[PDB]
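> Below is one structure. I have some questions about it.
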There are 6 protein chains.
Amino acid sequence: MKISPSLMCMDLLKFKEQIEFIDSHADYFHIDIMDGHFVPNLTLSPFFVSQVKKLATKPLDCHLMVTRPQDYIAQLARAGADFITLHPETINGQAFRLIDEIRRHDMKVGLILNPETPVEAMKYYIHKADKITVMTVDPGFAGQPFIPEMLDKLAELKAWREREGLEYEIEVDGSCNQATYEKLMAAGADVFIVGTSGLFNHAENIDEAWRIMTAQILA
Amino acid sequence: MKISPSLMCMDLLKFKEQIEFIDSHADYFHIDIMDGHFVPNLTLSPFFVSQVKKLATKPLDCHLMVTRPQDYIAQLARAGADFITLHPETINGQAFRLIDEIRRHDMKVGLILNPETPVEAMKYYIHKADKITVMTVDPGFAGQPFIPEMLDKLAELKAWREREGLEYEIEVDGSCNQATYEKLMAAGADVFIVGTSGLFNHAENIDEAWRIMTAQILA
Amino acid sequence: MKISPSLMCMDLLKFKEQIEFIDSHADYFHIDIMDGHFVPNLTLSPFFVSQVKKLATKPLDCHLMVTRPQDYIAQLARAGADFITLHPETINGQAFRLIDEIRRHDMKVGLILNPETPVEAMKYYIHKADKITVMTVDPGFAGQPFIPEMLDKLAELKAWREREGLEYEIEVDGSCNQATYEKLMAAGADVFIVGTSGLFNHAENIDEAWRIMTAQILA
Amino acid sequence: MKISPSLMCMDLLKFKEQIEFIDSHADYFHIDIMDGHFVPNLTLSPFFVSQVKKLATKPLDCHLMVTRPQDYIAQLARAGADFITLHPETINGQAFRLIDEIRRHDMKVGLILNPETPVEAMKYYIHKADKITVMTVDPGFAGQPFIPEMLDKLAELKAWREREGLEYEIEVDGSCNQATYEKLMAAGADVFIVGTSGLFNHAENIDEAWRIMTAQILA
Amino acid sequence: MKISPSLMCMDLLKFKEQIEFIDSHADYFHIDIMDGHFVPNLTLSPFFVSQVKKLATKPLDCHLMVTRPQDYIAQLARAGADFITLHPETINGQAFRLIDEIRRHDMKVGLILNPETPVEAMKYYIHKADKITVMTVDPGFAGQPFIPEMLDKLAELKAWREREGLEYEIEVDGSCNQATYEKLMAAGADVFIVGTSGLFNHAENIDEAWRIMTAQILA
Amino acid sequence: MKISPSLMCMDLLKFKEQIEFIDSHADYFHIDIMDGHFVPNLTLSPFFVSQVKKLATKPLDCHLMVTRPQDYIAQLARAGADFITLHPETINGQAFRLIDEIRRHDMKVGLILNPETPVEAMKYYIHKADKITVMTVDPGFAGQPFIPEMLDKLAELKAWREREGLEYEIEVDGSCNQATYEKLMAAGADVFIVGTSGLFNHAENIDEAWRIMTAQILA
Ligand SMILES: [Mg+2]
Ligand SMILES: [Mg+2]
Ligand SMILES: [Mg+2]
Ligand SMILES: [Mg+2]
Ligand SMILES: [Mg+2]
Ligand SMILES: [Mg+2]
């Protein structure tokens with residue numbers, strides 16, 4: 001069960017220590033890049049990616065919640081991103097072109113669906129993804145209501161992968177915590193994007209927080 | 001001669017130490033908040049403001065390079081901003097409304113003009129500003145060509161203040177460094193927004209960097 | 001067979017009398033709120049809703065043909081709306097958030113599909129709707145050509161409700177008149193939004209108009 | 001001193017009586033048409049204009065607070081508008097074209113400036129206007145703070161008219177009431193757009209309301 | 001096997017001769033009309049259509065890669081277009097209205113899907129199309145990578161036509177050349193839009209070019 | 001008196017001959033590149049520039065009537081443009097950046113104002129222009145009403161050049177014909193952009209057309 005900490009939830013006062021801890025414990029760094037337009041909020045950016053790059057060995061995954069993802073691929077590659085997760089709802093008319101550009105920069109391809117987007121949306125290019133993520137909450141902020149209906153999406157995504165003989169990992173984004181770990185794993189999740197409720201909030205010290213989270217995942 | 005370090009140019013690995021140093025040496029924290037639309041880039045956000053707030057006593061100045069500044073005033077106030085610098089080119093039809101909202105949150109008012117916007121743009125509300133900033137480079141990125149033509153704008157802004165008996169501070173944003181300190185002061189600048197070329201770049205250690213910059217300002 | 005008169009088709013000269021008549025004869029007040037952007041036209045608004053509220057006991061249903069439905073929920077609730085009908089094509093990325101906000105204001109949830117949007121568009125939240133409406137004409141104006149192809153959508157919507165054990169009412173919007181009553185009922189319609197051709201136009205006096213309409217529905 | 005009642009402030013329950021009263025007492029009908037985009041609100045529309053047309057002899061003045069005024073000229077002419085008031089900030093690149101279209105429909109030309117727009121904005125076509133209006137409040141809603149700074153704009157507009165030998169009427173829009181009548185007349189206003197605070201609010205009965213307003217204008 | 005030369009790939013120096021040759025050899029003239037917004041590029045326009053009209057008898061097919069197809073139907077009809085090919089992704093909320101407008105102008109209806117749009121997108125109006133085109137490359141430019149995944153779309157489109165008893169022609173747009181002729185025909189293609197790689201590039205002289213292409217189609 | 005033929009008005013049937021004639025008789029090729037958004041129309045594009053480049057020695061001047069001029073500079077340079085004429089109303093926040101990019105491509109800088117934009121709009125960078133053009137008609141189409149008011153703009157532009165000791169050429173765009181030649185020269189025009197009414201329309205044969213135009217300019 002892979003872990004991907006949401007950096008928009010970290011403590012910048014302990015930036016260096018938290019990144020180093022995460023780099024030696026987690027599987028991915030989840031970096032949210034918002035537009036203020038595709039979603040009503042602003043969080044991280046290439047600048048943040050560039051800084052995390054200084055002490056990272058694990059892959060930096062940039063979730064592009066922006067209107068024009070085409071504008072950030074080259075810039076994000078230079079900042080040190082390893083994964084570029086695209087929203088199918090922002091790439092109609094350019095999905096293949098962008099996926100090629102992403103790989104031309106030696107980065108991996110991620111696809112992320114918000115609540116109301118069906119998996120078929122990616123049917124013609126789902127086989128080009130290394131990881132597919134399911135928003136279990138409408139995008140934009142931390143601490144929003146979990147959307148149970150998304151469990152079926154996780155399952156459908158798992159069945160699709162098996163039936164088509166694909167190898168993409170299934171990730172979950174949105175209120176991944178003690179109240180949802182079980183259902184999510186049962187549904188088919190391979191990766192957990194953990195934020196404030198699932199990690200950082202358990203202890204002011206990240207070691208203790210991670211230990212607590214790890215213990216809770218046990219069940 | 002007041003100083004306002006551009007935080008999008010800081011080193012997050014030494015976040016806590018750099019903020020504390022800046023808080024006891026500078027006059028303002030310059031926090032750039034970009035849209036990806038008003039300017040083609042993404043840098044800081046309310047989240048960032050919130051983190052800097054943890055150890056700040058000096059005022060946090062949020063430069064709103066966004067299409068809809070109305071969407072960030074309440075959120076920025078809650079994150080701990082003290083100054084909200086508005087672009088006149090984004091408030092036609094709502095300048096007075098926003099200025100009132102800014103003060104209802106007990107924050108100071110800043111006005112910032114990019115290169116091609118004349119000072120008259122603010123003629124009907126220039127007297128409500130605590131600080132007026134002049135972009136000496138087209139907004140968006142660090143390390144762009146200085147625009148000499150902007151010197152007249154700084155001067156005009158100083159003459160306007162005197163002639164109208166106003167008290168706003170005149171700030172400069174864009175390539176403030178050894179090559180421009182003199183001309184800028186002569187033109188009428190009161191505050192220097194210092195970034196990579198003017199500060200951070202002089203020494204890996206911020207104390208030493210600040211010493212070098214201060215020395216260069218001497219001339 | 002429930003009736004919902006389209007108020008953008010009423011006679012303001014007899015505002016008070018028509019609203020009172022409608023309030024004691026119809027099941028819903030259909031209030032169209034257009035953007036000028038989502039659809040190329042402008043009709044009613046919160047102001048209108050507020051006025052109708054003065055003498056209404058039946059529920060006011062606000063059909064949001066706007067780009068940003070999020071901007072009107074609180075304002076419409078305040079004006080007295082009881083139903084907020086959302087276009088699935090304007091809520092991708094915020095359907096669950098908005099549906100929660102609507103209920104937080106004690107209003108009922110409506111979902112409306114224009115001609116080219118399939119029912120699956122609502123598959124993950126169709127069970128949260130009190131009423132689902134089918135546009136039988138491209139949105140925007142009154143008196144446009146009926147779209148027969150929409151009959152299958154009404155049917156599919158009825159089969160879906162039965163198969164999933166749901167209780168939403170099925171509404172029809174667009175050229176509901178003598179020429180379509182039969183087919184619409186046969187297809188599965190529960191509610192008729194009646195405008196100029198189906199109601200108001202039959203007689204300058206609304207009692208007589210309603211009488212004629214009721215008689216025509218008989219067949 | 002001409003009067004132009006803001007219809008978005010009227011009582012629809014007494015639609016017919018208020019329009020008839022206004023038609024025989026006022027000089028213009030002020031009809032606000034909003035986009036939800038140019039200004040954050042929705043009020044009246046062509047439908048509304050069409051209804052007022054049924055009993056009007058005085059000119060219907062449609063204030064276009066919309067992003068694309070070009071989309072409403074033919075439709076508004078068709079609904080019965082007599083005046084089309086354009087926002088200079090929405091016609092750059094098409095002012096002359098639109099002014100010609102307005103006159104090709106036999107309608108008069110109005111120009112309206114919001115707070116932060118200087119009179120020079122209209123310098124190349126100011127001589128084509130029958131009436132020029134000054135927003136004394138940021139556009140969008142009723143009951144907002146009066147903007148004293150706008151008095152100079154009214155004056156400048158009067159001086160311009162005299163100096164250039166023009167004949168346009170000067171109108172005021174925004175918090176025209178007892179607290180501002182005097183200053184506005186002194187500044188140069190020819191027409192008062194009266195809303196809730198200046199008219200409708202004085203008495204539930206419009207005759208009495210109008211009587212009180214007229215008396216207050218006396219001073 | 002019908003041919004439709006992409007005019008954005010022709011040689012304007014030999015305009016008259018190439019159009020005349022094409023008019024007596026091809027089945028359609030493929031005229032690309034781009035927005036700079038729907039796709040990131042600009043190519044042909046009504047002006048171009050008008051010129052080709054001077055010597056054409058074969059139908060001019062205008063592929064509308066624009067944000068607002070509604071703005072070009074009357075103008076294109078006037079310039080002499082015979083076919084208007086619409087993108088389903090630009091007509092939600094107005095497909096039936098536009099299709100009717102196209103036919104009021106006595107023009108034929110075309111529907112074109114870019115890579116990531118499924119055929120169901122047109123399910124409610126697919127029967128109104130004379131020709132349906134499949135983009136085998138993300139729209140915008142010539143010489144992009146062929147998308148094999150689109151072969152299934154061509155097939156599905158053929159099965160749909162048979163199963164529903166429809167008569168639309170199936171067209172292919174994007175890298176139609178020697179490397180793809182076979183697979184495309186096998187998949188179900190009826191018409192080939194030929195550009196630089198498939199036609200013009202084979203010989204500076206268009207007769208010779210057309211010969212080479214025809215020979216390659218043989219296999 | 002320099003001449004710049006508007007190619008959107010040429011005859012493509014005689015493409016090669018007209019370009020060659022123009023290349024040996026005119027001073028510039030005026031190539032209009034429209035967005036469909038900045039102005040409501042579509043005309044020429046990089047493709048067109050590329051073709052004219054095949055037989056041109058005189059400079060190709062691309063007038064960018066587009067929302068995002070930044071998207072076309074590299075592409076246009078590649079196609080062979082020599083002049084890039086920018087609209088000040090589309091470069092606020094990037095005028096200096098774009099002007100630098102234009103020169104990095106070894107192209108000359110043009111600035112074009114539509115009717116309602118004052119010359120001051122360019123005050124901070126007017127000295128970087130090789131040619132400044134005045135629209136004497138709202139942009140978008142050929143054959144629109146001449147705007148006399150623009151004569152003052154031409155004059156002001158000439159006075160500005162003299163007073164500031166600049167060397168830019170003054171160009172006129174819009175209904176340059178027999179009815180306006182005199183006034184335009186008197187006002188200060190240095191270059192005439194000639195279209196259908198001023199050139200092409202005088203004779204089906206371009207030699208004769210040019211002959212007639214040249215003679216009319218004599219007066
Ligand atoms: Mg995320
Ligand atoms: Mg800044
Ligand atoms: Mg409706
Ligand atoms: Mg108004
Ligand atoms: Mg094409
Ligand atoms: Mg031009």
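Letters for chains follow the order of the structure tokens (A, B, ...), residue numbers begin at 1 for each chain, and ligand numbers begin at 1 in the order shown.
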Excluding same-chain residues fewer than 6 positions from stretch 186-202 of chain E, what lies within 9 Å of it counting only C-alpha atoms, as a PyMOL selection string?

chain E and resi 1-11+27-30+133+142-143+151-159+169-178+208-210+212-213

> As number ranges by chain, please: every protein or nucleic acid residue near ligand 5 (cut-off 7 Å, counting only C-alpha atoms and all ligand atoms).

E: 32, 63, 139, 173

> Give the strand (DSSP E or B) residues of stretch 58-186 of chain E, as DSSP finds them on the backbone, and put them as JSON, numbers by chain.

{"E": [60, 61, 62, 63, 64, 65, 83, 84, 85, 86, 108, 109, 110, 111, 112, 113, 131, 132, 133, 134, 135, 169, 170, 171, 172, 173]}

> Using DSSP on the backbone coordinates, identify all residues within chain C classified as alpha helix (DSSP H); present the result as a short mmCIF file (atom, residue, chain, number, x, y, z; two decimals) with N, CA, C and O atoms, in the first residue's frame.


data_model
loop_
_atom_site.label_atom_id
_atom_site.label_comp_id
_atom_site.auth_asym_id
_atom_site.auth_seq_id
_atom_site.Cartn_x
_atom_site.Cartn_y
_atom_site.Cartn_z
N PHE C 15 -49.39 40.88 -13.06
CA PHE C 15 -48.49 40.12 -12.21
C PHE C 15 -49.16 39.49 -10.99
O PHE C 15 -49.19 38.26 -10.86
N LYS C 16 -49.69 40.33 -10.11
CA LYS C 16 -50.34 39.84 -8.90
C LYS C 16 -51.43 38.82 -9.17
O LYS C 16 -51.46 37.77 -8.53
N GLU C 17 -52.32 39.09 -10.13
CA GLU C 17 -53.40 38.14 -10.39
C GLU C 17 -52.91 36.82 -10.96
O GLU C 17 -53.41 35.75 -10.58
N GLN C 18 -51.94 36.87 -11.87
CA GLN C 18 -51.43 35.63 -12.46
C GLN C 18 -50.66 34.77 -11.48
O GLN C 18 -50.77 33.54 -11.50
N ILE C 19 -49.89 35.41 -10.60
CA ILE C 19 -49.14 34.66 -9.61
C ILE C 19 -50.11 33.97 -8.63
O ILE C 19 -49.94 32.79 -8.31
N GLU C 20 -51.12 34.71 -8.18
CA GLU C 20 -52.09 34.15 -7.24
C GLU C 20 -52.86 33.01 -7.89
O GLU C 20 -53.09 31.98 -7.25
N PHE C 21 -53.24 33.19 -9.15
CA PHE C 21 -53.95 32.12 -9.84
C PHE C 21 -53.04 30.90 -9.93
O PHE C 21 -53.42 29.79 -9.57
N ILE C 22 -51.82 31.12 -10.43
CA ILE C 22 -50.87 30.03 -10.57
C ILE C 22 -50.59 29.35 -9.24
O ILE C 22 -50.52 28.12 -9.17
N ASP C 23 -50.44 30.14 -8.18
CA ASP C 23 -50.15 29.57 -6.87
C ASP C 23 -51.22 28.62 -6.35
O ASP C 23 -50.92 27.67 -5.62
N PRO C 46 -32.79 36.95 -9.41
CA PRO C 46 -33.17 36.89 -8.00
C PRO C 46 -34.25 37.91 -7.67
O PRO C 46 -35.15 37.63 -6.89
N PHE C 47 -34.14 39.10 -8.27
CA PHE C 47 -35.11 40.17 -8.06
C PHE C 47 -36.51 39.63 -8.33
O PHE C 47 -37.43 39.80 -7.53
N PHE C 48 -36.64 38.99 -9.47
CA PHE C 48 -37.91 38.43 -9.88
C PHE C 48 -38.39 37.41 -8.86
O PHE C 48 -39.57 37.40 -8.47
N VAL C 49 -37.48 36.54 -8.44
CA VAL C 49 -37.80 35.50 -7.46
C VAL C 49 -38.35 36.15 -6.19
O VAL C 49 -39.35 35.72 -5.64
N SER C 50 -37.66 37.19 -5.75
CA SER C 50 -38.03 37.92 -4.55
C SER C 50 -39.46 38.47 -4.63
O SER C 50 -40.20 38.43 -3.63
N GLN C 51 -39.86 38.97 -5.79
CA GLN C 51 -41.20 39.52 -5.97
C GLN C 51 -42.26 38.43 -5.94
O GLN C 51 -43.29 38.57 -5.28
N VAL C 52 -42.01 37.34 -6.66
CA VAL C 52 -42.95 36.23 -6.70
C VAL C 52 -43.12 35.65 -5.29
O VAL C 52 -44.19 35.17 -4.93
N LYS C 53 -42.06 35.72 -4.49
CA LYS C 53 -42.10 35.20 -3.14
C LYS C 53 -43.16 35.87 -2.28
O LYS C 53 -43.75 35.24 -1.42
N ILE C 73 -26.52 30.46 -5.41
CA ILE C 73 -27.23 29.68 -4.41
C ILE C 73 -27.64 30.43 -3.14
O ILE C 73 -28.81 30.40 -2.75
N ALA C 74 -26.70 31.11 -2.49
CA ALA C 74 -27.04 31.85 -1.28
C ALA C 74 -28.01 32.99 -1.61
O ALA C 74 -29.01 33.20 -0.91
N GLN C 75 -27.73 33.72 -2.67
CA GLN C 75 -28.57 34.84 -3.07
C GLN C 75 -30.00 34.41 -3.42
O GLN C 75 -30.97 35.09 -3.08
N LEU C 76 -30.14 33.28 -4.11
CA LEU C 76 -31.44 32.77 -4.51
C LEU C 76 -32.21 32.25 -3.28
O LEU C 76 -33.43 32.42 -3.18
N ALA C 77 -31.50 31.61 -2.36
CA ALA C 77 -32.15 31.10 -1.15
C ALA C 77 -32.75 32.29 -0.41
O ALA C 77 -33.91 32.26 0.01
N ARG C 78 -31.95 33.33 -0.27
CA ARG C 78 -32.34 34.56 0.41
C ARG C 78 -33.56 35.17 -0.28
O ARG C 78 -34.43 35.75 0.37
N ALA C 79 -33.64 35.05 -1.60
CA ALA C 79 -34.76 35.61 -2.34
C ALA C 79 -36.03 34.78 -2.17
O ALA C 79 -37.13 35.25 -2.47
N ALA C 95 -20.32 19.29 -8.28
CA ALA C 95 -21.69 18.83 -8.14
C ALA C 95 -22.06 18.46 -6.70
O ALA C 95 -23.08 18.91 -6.18
N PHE C 96 -21.22 17.68 -6.05
CA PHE C 96 -21.51 17.28 -4.68
C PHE C 96 -21.46 18.46 -3.71
O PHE C 96 -22.30 18.56 -2.80
N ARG C 97 -20.50 19.34 -3.92
CA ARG C 97 -20.34 20.53 -3.09
C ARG C 97 -21.58 21.41 -3.19
O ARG C 97 -22.14 21.84 -2.18
N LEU C 98 -22.03 21.67 -4.41
CA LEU C 98 -23.22 22.50 -4.62
C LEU C 98 -24.49 21.85 -4.11
O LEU C 98 -25.34 22.51 -3.52
N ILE C 99 -24.64 20.55 -4.36
CA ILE C 99 -25.84 19.87 -3.88
C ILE C 99 -25.92 19.97 -2.35
O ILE C 99 -27.01 20.11 -1.80
N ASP C 100 -24.78 19.91 -1.68
CA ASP C 100 -24.75 20.02 -0.22
C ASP C 100 -25.11 21.43 0.20
O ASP C 100 -25.85 21.63 1.16
N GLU C 101 -24.59 22.42 -0.52
CA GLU C 101 -24.88 23.81 -0.20
C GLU C 101 -26.37 24.08 -0.39
O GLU C 101 -26.99 24.80 0.40
N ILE C 102 -26.95 23.51 -1.44
CA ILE C 102 -28.37 23.71 -1.71
C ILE C 102 -29.21 23.19 -0.55
O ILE C 102 -30.13 23.87 -0.08
N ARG C 103 -28.88 22.00 -0.06
CA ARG C 103 -29.61 21.42 1.05
C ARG C 103 -29.31 22.10 2.38
O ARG C 103 -30.13 22.09 3.30
N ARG C 104 -28.14 22.71 2.47
CA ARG C 104 -27.76 23.42 3.67
C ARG C 104 -28.73 24.60 3.82
O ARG C 104 -29.02 25.05 4.92
N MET C 150 -35.67 13.57 -27.93
CA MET C 150 -35.68 13.65 -26.47
C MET C 150 -36.68 12.71 -25.80
O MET C 150 -36.61 12.49 -24.58
N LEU C 151 -37.59 12.13 -26.57
CA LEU C 151 -38.56 11.22 -25.99
C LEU C 151 -37.85 10.01 -25.39
O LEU C 151 -38.23 9.53 -24.31
N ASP C 152 -36.80 9.53 -26.07
CA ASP C 152 -36.04 8.38 -25.57
C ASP C 152 -35.36 8.71 -24.26
O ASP C 152 -35.21 7.85 -23.39
N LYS C 153 -34.95 9.97 -24.11
CA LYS C 153 -34.28 10.39 -22.89
C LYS C 153 -35.28 10.33 -21.73
O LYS C 153 -34.95 9.85 -20.64
N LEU C 154 -36.50 10.80 -21.97
CA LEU C 154 -37.53 10.75 -20.94
C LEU C 154 -37.74 9.30 -20.51
O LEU C 154 -37.76 8.99 -19.31
N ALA C 155 -37.87 8.41 -21.49
CA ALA C 155 -38.07 6.99 -21.23
C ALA C 155 -36.91 6.40 -20.44
O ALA C 155 -37.11 5.72 -19.42
N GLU C 156 -35.69 6.64 -20.92
CA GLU C 156 -34.50 6.12 -20.26
C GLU C 156 -34.45 6.57 -18.81
O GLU C 156 -34.05 5.82 -17.92
N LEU C 157 -34.88 7.81 -18.59
CA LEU C 157 -34.89 8.40 -17.27
C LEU C 157 -35.90 7.69 -16.37
O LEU C 157 -35.68 7.51 -15.17
N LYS C 158 -37.01 7.26 -16.97
CA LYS C 158 -38.05 6.55 -16.22
C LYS C 158 -37.59 5.14 -15.88
O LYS C 158 -37.81 4.65 -14.78
N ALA C 159 -36.95 4.48 -16.85
CA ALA C 159 -36.46 3.12 -16.63
C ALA C 159 -35.37 3.14 -15.56
O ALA C 159 -35.32 2.26 -14.70
N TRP C 160 -34.51 4.15 -15.62
CA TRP C 160 -33.43 4.28 -14.66
C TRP C 160 -34.02 4.42 -13.26
O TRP C 160 -33.58 3.75 -12.32
N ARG C 161 -35.02 5.28 -13.12
CA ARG C 161 -35.64 5.49 -11.82
C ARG C 161 -36.21 4.20 -11.24
O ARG C 161 -36.02 3.89 -10.06
N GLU C 162 -36.91 3.44 -12.07
CA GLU C 162 -37.49 2.17 -11.63
C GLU C 162 -36.41 1.16 -11.29
O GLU C 162 -36.39 0.61 -10.18
N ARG C 163 -35.50 0.93 -12.22
CA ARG C 163 -34.40 -0.01 -12.02
C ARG C 163 -33.54 0.29 -10.79
O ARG C 163 -33.05 -0.63 -10.15
N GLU C 164 -33.37 1.56 -10.46
CA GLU C 164 -32.54 1.92 -9.32
C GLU C 164 -33.35 2.21 -8.07
O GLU C 164 -32.79 2.54 -7.02
N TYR C 181 -48.22 16.85 -25.65
CA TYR C 181 -48.70 16.28 -24.38
C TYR C 181 -48.74 14.76 -24.37
O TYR C 181 -48.17 14.12 -23.49
N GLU C 182 -49.42 14.17 -25.35
CA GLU C 182 -49.56 12.72 -25.44
C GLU C 182 -48.22 11.96 -25.43
O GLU C 182 -47.98 11.12 -24.55
N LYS C 183 -47.37 12.24 -26.41
CA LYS C 183 -46.07 11.59 -26.51
C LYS C 183 -45.24 11.73 -25.23
O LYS C 183 -44.57 10.78 -24.81
N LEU C 184 -45.28 12.91 -24.62
CA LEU C 184 -44.53 13.18 -23.40
C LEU C 184 -45.00 12.34 -22.23
O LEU C 184 -44.19 11.84 -21.44
N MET C 185 -46.31 12.19 -22.09
CA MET C 185 -46.85 11.40 -21.00
C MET C 185 -46.51 9.94 -21.25
O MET C 185 -46.10 9.22 -20.33
N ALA C 186 -46.67 9.51 -22.49
CA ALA C 186 -46.36 8.13 -22.88
C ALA C 186 -44.89 7.82 -22.63
O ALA C 186 -44.55 6.71 -22.21
N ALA C 187 -44.03 8.81 -22.88
CA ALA C 187 -42.58 8.65 -22.69
C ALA C 187 -42.20 8.54 -21.21
O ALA C 187 -41.21 7.90 -20.88
N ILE C 206 -56.02 34.53 -17.71
CA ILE C 206 -55.36 33.29 -17.30
C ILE C 206 -56.25 32.14 -16.81
O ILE C 206 -55.85 30.98 -16.88
N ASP C 207 -57.45 32.46 -16.33
CA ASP C 207 -58.39 31.42 -15.86
C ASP C 207 -58.79 30.61 -17.08
O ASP C 207 -58.72 29.38 -17.09
N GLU C 208 -59.23 31.33 -18.10
CA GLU C 208 -59.67 30.74 -19.36
C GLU C 208 -58.52 29.99 -20.01
O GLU C 208 -58.71 28.90 -20.55
N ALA C 209 -57.33 30.58 -19.95
CA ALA C 209 -56.15 29.96 -20.54
C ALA C 209 -55.89 28.62 -19.86
O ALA C 209 -55.68 27.61 -20.53
N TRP C 210 -55.92 28.63 -18.53
CA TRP C 210 -55.68 27.43 -17.75
C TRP C 210 -56.73 26.35 -18.01
O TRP C 210 -56.42 25.16 -18.05
N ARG C 211 -57.97 26.80 -18.19
CA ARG C 211 -59.09 25.90 -18.44
C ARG C 211 -58.85 25.14 -19.74
O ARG C 211 -58.96 23.91 -19.78
N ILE C 212 -58.49 25.87 -20.79
CA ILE C 212 -58.22 25.30 -22.10
C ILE C 212 -57.05 24.32 -22.04
O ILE C 212 -57.10 23.22 -22.63
N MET C 213 -55.99 24.71 -21.34
CA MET C 213 -54.81 23.87 -21.20
C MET C 213 -55.19 22.57 -20.50
O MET C 213 -54.84 21.48 -20.97
N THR C 214 -55.89 22.69 -19.38
CA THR C 214 -56.29 21.52 -18.61
C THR C 214 -57.08 20.55 -19.47
O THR C 214 -56.87 19.33 -19.40
N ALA C 215 -57.98 21.09 -20.28
CA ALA C 215 -58.81 20.28 -21.16
C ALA C 215 -57.94 19.55 -22.18
O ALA C 215 -58.15 18.36 -22.44
N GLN C 216 -56.97 20.25 -22.75
CA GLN C 216 -56.08 19.64 -23.74
C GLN C 216 -55.20 18.54 -23.14
O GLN C 216 -54.86 17.56 -23.81
N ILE C 217 -54.85 18.69 -21.86
CA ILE C 217 -54.03 17.69 -21.18
C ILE C 217 -54.86 16.42 -21.04
O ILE C 217 -54.32 15.31 -21.09
N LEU C 218 -56.18 16.58 -20.88
CA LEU C 218 -57.09 15.43 -20.74
C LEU C 218 -56.77 14.32 -21.73
O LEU C 218 -56.74 13.15 -21.35
#

> Please measure the separation of atom CA of residue E:130 and atom CA of residue E:85, giving the value in Å to one decimal.

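Interatomic distance here is 9.6 Å.
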
> Atom CA of residue F:61 and atom CA of residue F:105 are how many Å apart?

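Interatomic distance here is 14.0 Å.
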
> Hey, can you check how far atom CA of residue D:165 sits from atom CA of residue D:107?

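Interatomic distance, atom CA of residue D:165 to atom CA of residue D:107: 22.5 Å.
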
> Pick out the closest residue to ligand 2 from this set: B:203, B:66, B:129, B:81. Count only C-alpha atoms and all ligand atoms.

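Comparing B:203, B:66, B:129, B:81 against ligand 2, the winner is B:66.
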